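See structure below.
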Amino acid sequence: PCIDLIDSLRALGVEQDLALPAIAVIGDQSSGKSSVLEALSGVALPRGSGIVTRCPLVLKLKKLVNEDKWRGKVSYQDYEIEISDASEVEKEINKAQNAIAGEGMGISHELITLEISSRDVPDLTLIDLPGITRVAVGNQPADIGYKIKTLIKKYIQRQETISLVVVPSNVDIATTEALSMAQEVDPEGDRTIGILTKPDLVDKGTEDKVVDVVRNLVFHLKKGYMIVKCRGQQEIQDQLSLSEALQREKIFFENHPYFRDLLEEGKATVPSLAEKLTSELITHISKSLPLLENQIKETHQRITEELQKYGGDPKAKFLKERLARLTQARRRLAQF
Amino acid sequence: XXXXXXXXXXXXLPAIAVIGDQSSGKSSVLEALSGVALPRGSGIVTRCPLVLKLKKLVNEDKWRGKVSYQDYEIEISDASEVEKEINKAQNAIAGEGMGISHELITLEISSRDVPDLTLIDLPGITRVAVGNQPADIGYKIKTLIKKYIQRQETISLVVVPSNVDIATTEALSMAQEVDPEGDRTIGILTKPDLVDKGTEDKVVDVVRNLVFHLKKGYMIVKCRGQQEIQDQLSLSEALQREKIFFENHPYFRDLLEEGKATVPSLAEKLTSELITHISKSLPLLXXXXXXXXXXXXXXXXXX
Ligand SMILES: Nc1nc2c(ncn2[C@@H]2O[C@H](COP(=O)(O)OP(=O)(O)CP(=O)(O)O)[C@@H](O)[C@H]2O)c(=O)[nH]1
Ligand SMILES: Nc1nc2c(ncn2[C@@H]2O[C@H](COP(=O)(O)OP(=O)(O)CP(=O)(O)O)[C@@H](O)[C@H]2O)c(=O)[nH]1
Ligand SMILES: [Mg+2]
Ligand SMILES: [Mg+2]
């Protein structure tokens with residue numbers, strides 16, 4: 001339903017005219033941020049040990065309710081390369097990175113644009129960004145750390161961008177540069193969410209502390225915290241199916257003493273976060289929505305006249321139906 | 001070499017600072033070397049600077065311990081009392097909550113079992129104020145740390161957990177700031193028992209000094225996990241495990257066998273290091289000997 005609410009809007013031609021926010025993942029080097037984005041997107045963004053996201057990537061996901069068949073494309077500088085298989089995604093994204101950032105461990109401002117259109121993926125915009133380092137290593141220069149922070153601010157400063165702060169459960173949250181960085185650009189936290197990761201790697205004894213953090217009890221966020229567990233590095237090497245990974249996460253929380261609670265509180269798991277985010281997204285649409293009624297109405301009335309002529313025709317079936325949904329929706333949402 | 005320091009000790013100074021992030025195990029290192037009960041724990045547990053002055057006795061076979069700050073110079077009559085007392089000091093001085101203070105604590109311990117040494121615990125680096133501290137806490141702390149590591153005497157001991165990508169380590173930057181060529185800098189890795197399975201080769205590299213380079217190079221150890229602190233585990237028992245832990249542990253066996261893992265290694269390592277600076281820093285005290293001699297020439301001038 002409301003998950004297809006957006007497609008209806010896309011049908012009313014207001015998706016261009018109002019598109020709601022993107023979602024950025026900001027946090028330290030190797031804090032699992034690509035792993036979150038991959039977890040939500042179900043697309044193979046490079047995840048790993050060390051320096052693995054080496055320049056910004058926008059992922060534009062679009063649902064298919066009509067043709068139902070896979071699509072994927074990359075774009076940067078000179079190239080708009082076509083990808084003919086989901087298999088190829090990670091391979092290609094690293095091609096892009098090598099090409100663009102220079103094949104070592106240096107990074108670049110230059111954006112990558114992945115656009116994927118599929119049945120299984122949700123309507124969404126996500127943004128991977130490199131991790132915060134505070135020290136240049138191998139072949140990067142002194143001010144790398146700063147370079148990166150500049151690059152990150154340049155995304156989270158936009159009003160559209162929902163900052164998703166990604167922290168591992170095994171670091172004292174007060175260490176978390178990205179929280180400071182977030183409230184800098186979002187003083188009252190209306191586009192900010194805290195994600196904990198690597199819960200499976202906490203020191204035995206310290207799990208109460210972690211819980212508090214997530215019960216939003218040590219550093220306060222307005223929109224509050226989530227916690228998940230992604231593929232550990234072993235599980236990446238073993239190429240584990242996403243669906244299998246999502247399985248474990250459930251098991252993991254389901255049978256984990258301290259953290260059981262956080263699940264039962266709607267505060268753990270990814271499908272939680274997915275849902276959570278959707279509402280976040282859902283809120284912004286609603287806020288924007290009264291200001292598009294003329295487009296929405298005109299459009300609807302323009303479509304109804306188109307299809308009214310095709311009246312008692314079979315070929316209208318698909319769209320005579322499609323319209324229908326749009327209509328019912330609108331009446332109720334407006335009544336709101 | 002151990003004796004050269006006793007010849008130096010006989011004539012009555014290098015110190016060693018532990019700098020690193022909040023909950024990175026730094027107090028745990030200093031406790032590991034000192035065998036004294038410095039408050040180590042979850043969250044914010046070193047909440048203002050402490051100088052530990054250790055002095056060997058083969059003479060007395062008597063334990064001694066004293067704390068000092070602001071006014072107080074409190075006597076401690078049992079090693080049992082140390083942690084209790086250090087928290088009393090902290091509460092007294094920093095204000096009970098989570099806020100910190102520049103004000104130094106001075107523990108002086110004299111015992112058989114402890115080495116001749118000077119160590120400095122310092123609070124962890126936070127980058128965000130929580131509960132009852134103010135915005136610029138993070139900076140307050142960094143100022144406080146620089147104020148110790150900037151001295152030439154101070155051997156900066158950077159403490160990193162094995163489960164953070166080393167490039168995240170603020171304290172490394174902070175160290176080269178005040179020690180460009182790395183003649184008083186050592187990297188310690190901790191919590192090796194908390195690495196993600198798969199990433200252990202990476203850790204090793206770090207320690208083989210292969211991802212961020214230090215002149216004096218790296219060590220790695222494992223200290224009481226929080227459970228083991230709640231279970232009050234004997235130090236000697238903890239030192240036992242560390243040996244087991246590395247001894248039977250696949251990737252990290254090597255690092256042991258390379259003299260690059262364990263505490264008794266680090267102890268030995270540091271000792272050599274420490275000796276360097278005495279030899280290095282001695283000319284300034286020959287200068288003070290002048291002062292002493294000229295003050296003494298008054299005694300002879302009086303007769
Ligand atoms: N055990 C465990 N490991 C995890 C979890 N999430 C991620 N990891 C592991 O941590 C590492 C970091 O994940 P990744 O998504 O690559 O972090 P990243 O922030 O994207 C790397 P960069 O900062 O350069 O973008 C990977 O080795 C991954 O397998 C988790 O929940 N549990
Ligand atoms: N699992 C494991 N845990 C460790 C290790 N070293 C320390 N810890 C744990 O992490 C916590 C940190 O110890 P502590 O000495 O407080 O670190 P710290 O950096 O001095 C804390 P602060 O910054 O507040 O002064 C303790 O709970 C301890 O049990 C280790 O080698 N392995
Ligand atoms: Mg990444
Ligand atoms: Mg401490």
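Laboratory data are not the source of any read-out in this text; all were calculated from the coordinates shown. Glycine also receives a Cβ, built like all others from the backbone with ideal geometry; neighbour counts cover every protein chain displayed.
What value, in deg cm²/dmol to 500, does the helix sum -39500 (n - 2.57) over DSSP H runs of n ≥ 4 give at 222 nm once divided by the residues of chain A? Intermediate values should be presented prior to the final figure.
Values: 13 runs with 145 residues, N = 336.
It lands at -13000 deg cm²/dmol.
Run the numbers on chain A and let me know its relative contact order in percent, using alpha-carbon pairs under 8 Å that are six or more apart.
19
Among A:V121, A:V137, A:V211, which one shows the highest mean-square fluctuation when chain A is modelled as a Gaussian network with alpha-carbon springs under 10 Å?
Comparing A:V121, A:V137, A:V211 in the GNM, the peak value goes to A:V137.
Over all residues in B:198-207, what is the mean tally of Cβ atoms on other chains that come within 10 Å of each residue's Cβ?
Mean shielding by partner chains, rounded to a whole number: 3.
What is the mean number of Cβ atoms from other protein chains located within 10 Å of the Cβ atom of each residue in peptide B:141-150, rounded to a whole number?
Whole-number average of other-chain Cβ neighbours for B:141-150 is 0.
Can you give me the long-range amide H partners of A:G72? Hydrogens built in the peptide plane at 1.01 Å from N, cutoff under 5 Å, separation of 5 or more residues or another chain.
For A:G72, whose amide H was placed from the backbone, the distant partners under 5 Å are A:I83, A:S117.
Using 0.36 nm times the number of residues separating A:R260 and A:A324, minus their current alpha carbon distance, what extension gain do you get? Mind showing how you got there, number by number?
Numbers: separation 64, 0.36 × 64 = 23.04 nm, distance 4.31 nm.
Extra length available between A:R260 and A:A324 comes to 18.7 nm.
Quick one: what are the phi-derived ³J(HN,Hα) couplings along region A:248-261, Karplus 6.51/-1.76/1.60 with θ = phi - 60°, whole Hz, x for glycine and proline?
With coefficients 6.51, -1.76 and 1.60, one gets 3, 2, 4, 2, 3, 5, 3, 10, 9, x, 3, 7, 3, 3 Hz.
Amide H to amide H under 5 Å from B:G65: which residues, 5+ apart in sequence or cross-chain, H placed 1.01 Å off N in plane?
B:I76, B:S110
Considering the convex hull of the alpha carbon atoms of the protein assembly as shown, report its projected area averaged over all viewing directions, in nm², one decimal.
About 35.0 nm², averaged over all directions.
Report for chain B the percent antiparallel among DSSP-assigned beta bridges with both residues inside it, nearest 5. Mind dumping the intermediate values first?
Working: 15 of 40 bridges.
Antiparallel bridges: around 40 percent, rounded to the nearest 5.
With the Cα gyration tensor of region B:7-80 giving a ≥ b ≥ c as the square roots of its eigenvalues, does the rule (a/c under 1.5 for rounded; else a/b larger than b/c for prolate; else oblate) give rounded, prolate or oblate?
Prolate shape, in that a/c is at least 1.5 and a/b is the bigger ratio.
Which residues' amide hydrogens lie under 5 Å from the amide hydrogen of B:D121, considering only partners 5 or more residues apart or on another chain, with H built in the peptide plane?
Distant-sequence amide H within range of B:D121: B:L50, B:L52.
Considering the alpha-carbon set of chain A alone, what are its Rg and its Dmax in angstrom?
Here Rg and the maximum Cα pair distance are 21.5, 71 Å.
Quick one: order A:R302, A:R71 by neighbouring beta-carbon count within 10 Å, fewest to most.
A:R302, A:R71
For region A:177-336, what is the relative contact order in percent, using Cα pairs closer than 8 Å and at least 6 residues apart in sequence?
Contact order relative to length: 16 percent.
Between region B:188-227 and region B:1-60, what's the alpha-carbon centroid distance in Å?
Comparing the Cα centres of region B:188-227 and region B:1-60, I get a distance of 21 Å.
What does the structure give for B:124-133 when I average, per residue, the other chain Cβ atoms found within 10 Å of the residue Cβ?
Numbers: counts 3, 4, 6, 11, 14, 4, 9, 5, 0, 1.
Mean inter-chain Cβ contacts per residue within 10 Å come to 6.
How would you order A:227-233, A:217-223, B:104-110 from highest to lowest mean count of nearby Cβ atoms within 10 Å?
Highest mean packing first, the order is A:227-233, B:104-110, A:217-223.
Give me the one-decimal nm value for the distance between modelled label points at B:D78 and B:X1, 7 Å along each residue's Cα-to-Cβ direction.
3.9
I'd like the Kirkwood hydrodynamic radius of region B:172-303, using the inverse of the mean 1/r over distinct C-alpha pairs, in Å. It would help to have the intermediate numbers written out before the result.
Details: mean 1/r = 0.0559 Å⁻¹.
Every distinct Cα pair counted, the radius reaches 17.9 Å.
Hey, which of these cross-link pairs are over 21 Å Cα-Cα: B:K191/B:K260; A:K69/A:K320; A:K209/B:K260? Don't skip to the end; give the middle numbers.
Numbers: B:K191/B:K260 15 Å; A:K69/A:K320 23 Å; A:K209/B:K260 32 Å.
Pairs exceeding 21 Å: A:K69/A:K320; A:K209/B:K260.
With both partners inside the protein assembly as shown, how many of the DSSP beta bridges are antiparallel, as a percent to the nearest 5?
Percent antiparallel among DSSP bridges in the protein assembly as shown is about 35.
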